[PDB]
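What follows is a short report on a single structure.
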Amino acid sequence: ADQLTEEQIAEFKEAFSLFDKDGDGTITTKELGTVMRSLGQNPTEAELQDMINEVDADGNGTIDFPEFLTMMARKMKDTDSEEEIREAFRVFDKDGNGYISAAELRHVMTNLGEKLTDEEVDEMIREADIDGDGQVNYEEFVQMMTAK
Amino acid sequence: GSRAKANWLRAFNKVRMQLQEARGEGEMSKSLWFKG
Ligand SMILES: [Ca+2]
Ligand SMILES: [Ca+2]
Ligand SMILES: [Ca+2]
Ligand SMILES: [Ca+2]
């Protein structure tokens, strides 16, 4: 499924062992601090955590081998969804997280017709709430529109 | 009843169509490093 060539990934593995000094299978902005500093670039700690947490998928503030490699592959058409469901979650709750609450869902309701109350949201969440938490997680949303 | 069926449908679907709007936009998250 749009997999990189063994030579491209293999070369990254060697560069990873030489570039990575933490001894972990992931990349950390600290390592970036030392490399960018060596090439004449010394960004502030804020830019380090920012640039690193944005380049890695999920944004844990570090780029794992698959996260960085996936971003490089993103240049080529990978999947039709392209994680577009994340954008749905980002709009459901400006908050900046991936969880839809009964109120936030009512906000998406606002986007269409129908006016709803705490009852109509608890019911809509009752359907997706497989966890029984009265809220809808990422897998629940895709369980509705994707139902994989 | 069925209040959630049509509304909720339009809900997750409301963002589903909205996801396309975000696509086709310039993103600088890659920043340096990715250039290599
Ligand atoms: Ca590391
Ligand atoms: Ca990450
Ligand atoms: Ca939320
Ligand atoms: Ca749930």
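Quick note on naming: the chains in the structure tokens go A, B, ... in the order shown, residues restart at 1 in each chain, and ligands are numbered from 1 in order of appearance.
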Can you pull out every residue with an atom within 6 Å of ligand 1? Use only C-alpha atoms and all ligand atoms and format it as a count of residues only.
6
Surroundings of ligand 3 up to 9 Å, based on only C-alpha atoms and all ligand atoms, as a list in words:
residues 89, 90, 92, 93, 94, 95, 96, 97, 98, 99, 100, 101 and 104 of chain A
Neighbours of chain B in chain A at 9 Å, counting only C-alpha atoms, as a ChimeraX atom specification:
/A:32,50-56,68,71-72,82,84-89,91-92,105-116,120-121,123-125,127,141-142,144-145
Selection as a ChimeraX atom specification: residues within 8 Å of ligand 4 by only C-alpha atoms and all ligand atoms:
/A:125,128-137,140
Would you output that residue set with N, CA and C atoms, as a PDB file, in the first residue's frame?
```pdb
ATOM      1  N   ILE A 125     -25.044  10.391  20.868  1.00  0.00           N
ATOM      2  CA  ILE A 125     -23.805   9.838  21.468  1.00  0.00           C
ATOM      3  C   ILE A 125     -24.094   8.420  21.947  1.00  0.00           C
ATOM      4  N   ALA A 128     -23.187   6.042  19.016  1.00  0.00           N
ATOM      5  CA  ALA A 128     -21.711   5.857  18.812  1.00  0.00           C
ATOM      6  C   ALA A 128     -20.994   5.453  20.101  1.00  0.00           C
ATOM      7  N   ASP A 129     -21.509   5.833  21.239  1.00  0.00           N
ATOM      8  CA  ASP A 129     -20.801   5.513  22.515  1.00  0.00           C
ATOM      9  C   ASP A 129     -20.695   4.010  22.749  1.00  0.00           C
ATOM     10  N   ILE A 130     -19.732   3.387  22.130  1.00  0.00           N
ATOM     11  CA  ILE A 130     -19.510   1.934  22.360  1.00  0.00           C
ATOM     12  C   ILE A 130     -18.825   1.799  23.725  1.00  0.00           C
ATOM     13  N   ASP A 131     -18.055   2.802  24.087  1.00  0.00           N
ATOM     14  CA  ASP A 131     -17.334   2.800  25.396  1.00  0.00           C
ATOM     15  C   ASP A 131     -18.308   3.073  26.551  1.00  0.00           C
ATOM     16  N   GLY A 132     -19.475   3.597  26.265  1.00  0.00           N
ATOM     17  CA  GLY A 132     -20.457   3.885  27.354  1.00  0.00           C
ATOM     18  C   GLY A 132     -20.017   5.123  28.149  1.00  0.00           C
ATOM     19  N   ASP A 133     -19.288   6.027  27.536  1.00  0.00           N
ATOM     20  CA  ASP A 133     -18.823   7.244  28.278  1.00  0.00           C
ATOM     21  C   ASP A 133     -19.691   8.481  27.980  1.00  0.00           C
ATOM     22  N   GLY A 134     -20.769   8.327  27.253  1.00  0.00           N
ATOM     23  CA  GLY A 134     -21.649   9.502  26.952  1.00  0.00           C
ATOM     24  C   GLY A 134     -20.930  10.490  26.018  1.00  0.00           C
ATOM     25  N   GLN A 135     -19.876  10.066  25.369  1.00  0.00           N
ATOM     26  CA  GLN A 135     -19.129  10.960  24.454  1.00  0.00           C
ATOM     27  C   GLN A 135     -18.654  10.119  23.289  1.00  0.00           C
ATOM     28  N   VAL A 136     -18.318  10.726  22.193  1.00  0.00           N
ATOM     29  CA  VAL A 136     -17.891   9.904  21.036  1.00  0.00           C
ATOM     30  C   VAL A 136     -16.419  10.092  20.707  1.00  0.00           C
ATOM     31  N   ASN A 137     -15.704   9.003  20.712  1.00  0.00           N
ATOM     32  CA  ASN A 137     -14.257   9.041  20.411  1.00  0.00           C
ATOM     33  C   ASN A 137     -14.031   8.995  18.896  1.00  0.00           C
ATOM     34  N   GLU A 140     -15.378   5.808  17.290  1.00  0.00           N
ATOM     35  CA  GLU A 140     -16.870   5.831  17.261  1.00  0.00           C
ATOM     36  C   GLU A 140     -17.344   6.637  16.047  1.00  0.00           C
TER      37      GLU A 140
END
```
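For chain A, backbone-based DSSP assignment of strand (DSSP E or B) covers residues 26, 27, 28, 62, 63, 64, 100 and 136 of chain A.
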Kindly export the residues of the current selection with C-alpha atoms, as a PDB file, in the first residue's frame.
```pdb
ATOM      1  CA  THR A  26      12.209   7.739  17.544  1.00  0.00           C
ATOM      2  CA  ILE A  27      13.609  11.221  16.783  1.00  0.00           C
ATOM      3  CA  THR A  28      13.566  13.997  19.409  1.00  0.00           C
ATOM      4  CA  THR A  62       8.933  13.901  18.566  1.00  0.00           C
ATOM      5  CA  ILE A  63       9.139  12.249  15.122  1.00  0.00           C
ATOM      6  CA  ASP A  64       9.178   8.421  15.107  1.00  0.00           C
ATOM      7  CA  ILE A 100     -16.788  14.974  20.257  1.00  0.00           C
ATOM      8  CA  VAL A 136     -17.891   9.904  21.036  1.00  0.00           C
TER       9      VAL A 136
END
```
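Counting from CA of residue 5 in chain A, the distance to CA of residue 27 in chain B is 25.3 Å.
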Which polymer residues have any atom within 8 Å of an atom of residue 33 in chain A, counting only C-alpha atoms, with same-chain residues fewer than 6 positions away left out, as a short mmCIF file (atom, residue, chain, number, x, y, z; two decimals) with N, CA, C and O atoms, in the first residue's frame?
```
data_model
loop_
_atom_site.label_atom_id
_atom_site.label_comp_id
_atom_site.auth_asym_id
_atom_site.auth_seq_id
_atom_site.Cartn_x
_atom_site.Cartn_y
_atom_site.Cartn_z
N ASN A 42 20.66 27.85 15.57
CA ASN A 42 20.34 27.60 17.01
C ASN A 42 18.97 28.21 17.36
O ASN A 42 18.91 29.29 17.91
N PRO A 43 17.92 27.50 17.03
CA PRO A 43 16.55 27.99 17.33
C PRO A 43 16.28 27.96 18.83
O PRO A 43 16.97 27.31 19.59
N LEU A 48 11.87 24.78 18.84
CA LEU A 48 12.26 23.34 18.80
C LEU A 48 11.04 22.45 19.08
O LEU A 48 10.71 21.57 18.31
#
```
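The spacing separating CA of residue 65 in chain A from CA of residue 1 in chain A amounts to 17.4 Å.
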